[PDB]
Structures are given as C-alpha cells and as structure tokens.
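Undergrad: Structure below; questions to follow.
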There are 4 protein chains.
Amino acid sequence: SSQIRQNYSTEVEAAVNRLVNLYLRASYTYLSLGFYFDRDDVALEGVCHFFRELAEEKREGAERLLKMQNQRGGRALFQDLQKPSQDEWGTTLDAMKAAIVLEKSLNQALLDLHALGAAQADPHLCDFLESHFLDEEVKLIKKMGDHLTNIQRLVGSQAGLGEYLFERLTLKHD
Amino acid sequence: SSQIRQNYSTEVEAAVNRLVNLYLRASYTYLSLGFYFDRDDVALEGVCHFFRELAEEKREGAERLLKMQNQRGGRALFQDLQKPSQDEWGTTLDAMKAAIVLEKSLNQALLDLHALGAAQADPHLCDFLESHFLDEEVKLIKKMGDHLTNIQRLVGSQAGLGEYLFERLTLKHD
Amino acid sequence: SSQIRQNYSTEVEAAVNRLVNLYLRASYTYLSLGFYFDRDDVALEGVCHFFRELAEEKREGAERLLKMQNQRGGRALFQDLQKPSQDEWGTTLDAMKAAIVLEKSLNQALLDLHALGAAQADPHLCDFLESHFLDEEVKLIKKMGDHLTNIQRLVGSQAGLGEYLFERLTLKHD
Amino acid sequence: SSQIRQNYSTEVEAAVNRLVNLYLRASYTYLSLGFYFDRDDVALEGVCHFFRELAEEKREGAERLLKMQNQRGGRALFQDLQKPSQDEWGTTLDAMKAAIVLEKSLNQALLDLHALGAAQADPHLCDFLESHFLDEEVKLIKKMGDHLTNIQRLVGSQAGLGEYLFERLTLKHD
Ligand SMILES: [Cl-]
Ligand SMILES: [Cl-]
Ligand SMILES: [Cl-]
Ligand SMILES: [Cl-]
C-alpha cells in the first residue's frame, strides 16, 4: 500500500489510467498509419516517418502519465488496447484528417482531466498537464492543420502529383 | 477557415487581439522614451538603452501573443496604434514613474485575461500567460521599483548630479 | 534645446518625422502579412518568413531615421500608426502585389525627401538617404518584381500547386 | 604640369587649400587644448585624451584633403598656421563650448565647399565630402553636444566635483 498519497483523488487516479489507455490506443493507430504508408503500393516515406514519429510521441506520453501515477501513489491499471479504426488509411489527406480527429479527441480528454483536477483542487495534476501535454497538443494540432491546408491546395486536378510533392517537399525523408 | 480551433472562445480571441494592441502601444511608448533620452539636450545613454530594450521586449510579447492566436485557430485583427501619451518625458524620474504606470496597466490586462481564461476553462491560455508573461512582468516591475527608489534617493538637493550618477553607475552603457 | 543644429531646416525635420511614420506603418503592414500566412488555413511558411523579415527591416529603417533626427538636432514627434489596409491578404500573388505598391509609395517618399534636401542644400540628408535607403529600396523592389513574375508564371491552370511550389522552392523556410 | 586634371575648377582647388589650412588650424587648437588639460594645475586626463585624439583626427582630415587635391591634379599650397585663439582654456565646460564653436565653423566650411562643388558640377568633390567628412562632422558635433549637456547638468553648486566626475565616468582614461 502507498505511504505517499496526498491530495490525489480516486477519480483522478481512474481518469489517468483511462488517459494512458487513450495514449496507447493513439500510439497503436499511428503505428498502423506508419506501416500503411510503407506499403509498396502506397510508398510515401515522409508520410510513414511522420506517423511513426507520432507513435513514439504518444507512447512517451503514456509513459509520462504512468510515471506520474506512481509519483502520486496511484496504481496503474491497464485495459485491453482496441485495434485502430481502419486497416487501410486511404490518401495522405484521408490519413491527416483522421489524425486531426484523433488529436482533437486526445486534447478533449486532456481538457476534461484538467477540469476534474481543478474541481478536485489538485494543482499538481493541473500543472503536470499544462507543463507536459496541453501546449504539446496545441502545437501538434497546428502542425496538422498546416499540413491539411497544404495537402488540400495540392489536390487540384492532379491528385497523385500533389501527394508526391507534399511528401517530397514538406515531410522529412532520406 | 480554421480546422484546429478547440476550446478557444470568441471572448478570449478578442481579448488577445486587444492585448496585442496594448503591447504594441507599450513598445511604441518605449521607442519614444528611448529616443527622447538620446536627444543632445538630454543625453543619458543608459536611460536611452534601458527604454530601447523595453521597446524590443514589448514587441516580442506582442509577437508571442500573435503566434499563440494562430496556434489556437483564432484570427489576428490589428487596430490603429495610438501615439504615446507625451512627446517629451521630463527627468529620468518622470520617465521611470511613467514606465511603472504603463507596466501596471499591462499587468492588469494580463491578470484580466487570465481571469477570463479561468472563467472559460481555457487552461492553455492560462498556462501560456503564466509561463511567458506574468513572472516576466513581476520581475520587470520589481526592477523599475528598485530603480525608482535609487533615483529618488539621488535627487537630494543636487538633482543633475544624481541623474548623471544613476545613469553612469546603475544603467548599462558603453 | 539643441546646441548642435546646423543647416537642418524645419521642413526636413517634419518630413523626417512623417517618413518615420510611413516606415512604422509599413512595418505594421508586414507584421499583419506575416501572421496572415502563418494561419492554419493559409500555412505558407516561406511567405510568412518573407514578410516578417520585411517588418523587421522597416522598423530598422524607422530607427535609423530617428537616430539621424537626433544627430542633426531635430526632434522626433510620433503620430498615431494607422492599421494596415486589409485584415486578410488573399493569395501570395495578392500579397506580393500589395507589397510592391507599398514599397513604391515608400520609395516615392524617399525621393521626395531627397528632392527637398537638395532644394534646401542639405547634403548630409541627401547622402544619408543615398547611403542607407535608396539602393536598399531599389534592390527590394527588384526582388519583389522577380517574385511577382515567378508567382504569375506558376498560376497557369493549377493555382494551388503553383503557390505551394513557389513557397517551397523560392522562399526561405525550415 | 598635370596631365590628369579634369572637371576640377580653380575655385575648388583654392577652396580645398583653404580647408586644409582650417583643418590644420583646428588640429593645432586641439593640441593646445590637450596639453592644457595635462597641466599639473588642471590635471584632467580624460579631457586631455579627448582633445589629443581630436588633434589627430583633424590632421588626418587635412591629409585626406591633400591626397584628394593630388588625385584631382590640383596643387597643394600651404599658408601660415595661426596659433590657437587662447593660451588657457578655462573649465572643461569652457573648452567643450570652444570645441563646438570650432566644429560648427569647420562644418560650415565643408557645406560651403560642397555647395561650390555642386554649383561647378563637380560630383567627385561632392561625393568625397559626403563620404569622408559630412557625417563624421555631424557625429562629432552630436557627441560634443551630448558632453556639453552632461557637463552642464553636473555643475549644480559643486562645480569641482562635477568636473572630476565627468572626466572619470564619461571620458576615456587609464
Ligand atoms: Cl479483460
Ligand atoms: Cl480604422
Ligand atoms: Cl492624437
Ligand atoms: Cl607668408
């Protein structure tokens, strides 16, 4: 049993475990997106690298949450990780739209947990999210929005050409 | 149109644009103060440099606010920038008193925007101000207070001598 | 009062203050253009950086003019800074057309002030503009003209594609 | 006889020789000022160094004029150099007032020669003065004005104290 727990509600403990599940689900989704764009019949290396990087970022987020759970004297509880929502992710545009939807859902879960921490007068939780998650999420959604706009301007009437150019000239590749 | 905006009220968007206007007005005021102390008939280089540095700091503050406005999916809207309140700024003491008045007004606008963000449950906004503005402002007002006290102790009966010494021995110059 | 002023007409002093206002207005316009191209629904980083750089150049021009005003024993007088002419700046082409219009107006104000200095037999003023402004302005307008031509050749029937390519392959970005 | 002279009037040739005489007279005046402030009963090292530096600057100005006279195919003609106007130069304030008077007379001679060159359509002469003399003179007069203002603020009721402090804290010394 914990000898350290102080000002750490059962509600926050549970919500932190749910959020870990959401981050790991997001990581898994990004793993699937990354490997889809590595298929020989898709072959957009920059897109693959973008999503693989995000899989790592989301796993790291989950790990930070689990570290914090222990720091507060809460108990990590893991659940089944649902498989991603799709097996094939369509075009770069389809994929980036799906990623922004996912990110907005994570962001809402962050905001909801912040509000619960504020209601419970748990400033450590609130600070933790502010310091390590809220701005990271805002920055990422801005980046995805910027990408979506560029991808959309490139569709025009020459969709394949635009998809190639975006991958070659915006996204990081070898 | 924005595809990223989330948890970002129209009230906060508008107040952020007002605050940008206040920072730019403050920058302009400091530009005028800096060049006043560079006049051949005023000639207090350290005072000039102090206010020119502040003009840059305030412009940078405005730029950070504008970057954040975009990160959140709000829309920058610029207004007329009113000219500074004075064309001539009197003594170093007069100028530092005017600067502290200006700083307290900026600080109050920061606190008001923080309170609005708290009321709107917008923790990203609240964190942003905490992290980049509130302590910077407290530190600056402390510095100005410290200067005012030194300037005031130096007036005595030999005001010109004191004004020279403060500029030479407290403020940074070549 | 000044003990240094020599061969420096009231007409030139006033015109220098007007020109400072024009440079600062131009800086403000470029600030607005820069942040417009940073919007998530515009997202042309190279265009954003081009105009932000110009905002800094124009502010530096104003600062040089103010330094010179003091060097000659004139008195800086600041006016209200009008807001930019537009809140949204359209396409890269629209924006670059607006920038060239702005630059031509600044250039004309430089030429007018040079002519006034020549009429007043003020060679220091004339030299100052020659040395720090006239060629800088000619070079900048040439660069903008070169950009406009490239942007125009890229419109064709695939306007989005051309706008992306210009930003990626001509303008400086990360 | 010259085989190079082109577009170089006898009027400008003569005025250039007069200006050389004025620069050398100014150098001599500064030599006298420098050594006055090195007297054991005056003993203001920073003031001494300021004026000795100016003696060198004025001699260098004369040398540049003489080089240019030869470059244009004119003929240097030297006259008697009148001794400085005073044998003793009073206070630092008296001396700096005398220096500004001297500088304004040199500046007027520069402006007069520029106007003659403009009237004679001699752009090389005009450029030469612009490039090597007019701004140097404006900068120096600004510096002297700045010094005068500081010296004047330091007189107060404690003139000796102020004169010492100005020399110690504004002027360059060992
Ligand atoms: Cl189970
Ligand atoms: Cl308006
Ligand atoms: Cl007004
Ligand atoms: Cl003789």
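Numbers in chain B track Swiss-Prot; the residues on display, in order, are 2-175.
Looks like X-ray crystallography, 1.6 Å, at least that's what the header says.
Heads up, the Cβ atoms here are built off N, Cα and C, so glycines get one too.
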Undergrad: Identify the region 'Catalytic site for iron oxidation' range according to Swiss-Prot, selecting from B:6-13, B:54-61, B:78-85, B:86-93.
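TA: Swiss-Prot lists region 'Catalytic site for iron oxidation' for residues B:54-61.
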Undergrad: Can you work out which residues elsewhere in the same chain, 6+ from the ends of the region 'Catalytic site for iron oxidation' (B:54-61), have a Cβ less than 8 Å from its Cβ atoms?
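TA: Sequence-distant neighbours of the region 'Catalytic site for iron oxidation' (B:54-61): 24-25, 27-29, 31-32, 34-35, 100, 141.
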Undergrad: Among all the protein chains here, how many other CB atoms are within 10 A of the CB of B:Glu57 (Fe cation binding site)?
TA: 14
Undergrad: Using a 10 Å radius around each Cβ and all protein chains in view, which of these binding-site residues has the most neighbours: B:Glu54, B:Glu64?
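TA: Output for this query is B:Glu64.
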Undergrad: Taking the binding-site residues one at a time (B:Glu58, B:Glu61), which has its Cβ surrounded by the most other Cβ atoms within 10 Å?
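TA: Of the binding-site residues B:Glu58, B:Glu61, the most buried by Cβ count within 10 Å is B:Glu58.
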Undergrad: Looking at the binding-site residues B:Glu54, B:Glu57, B:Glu58, B:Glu61, which ones have a CB within reach of chain C, meaning under 8 Å Cβ to CB?
TA: none
Undergrad: In three-state terms from DSSP, label B:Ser2 (N-acetylserine) for me.
TA: coil
Undergrad: Around the Cβ of B:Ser2 (N-acetylserine), how many other Cβ atoms lie within 10 Å? Please give the count over every shown protein chain.
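TA: Around the Cβ of B:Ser2 (N-acetylserine), 8 other Cβ atoms lie within 10 Å.
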Undergrad: Roughly how many Å separate the Cα of B:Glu57 (Fe cation binding site) from that of B:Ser2 (N-acetylserine), to the nearest whole number?
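TA: Rounded to the nearest whole number, the Cα-Cα distance is 32 Å.
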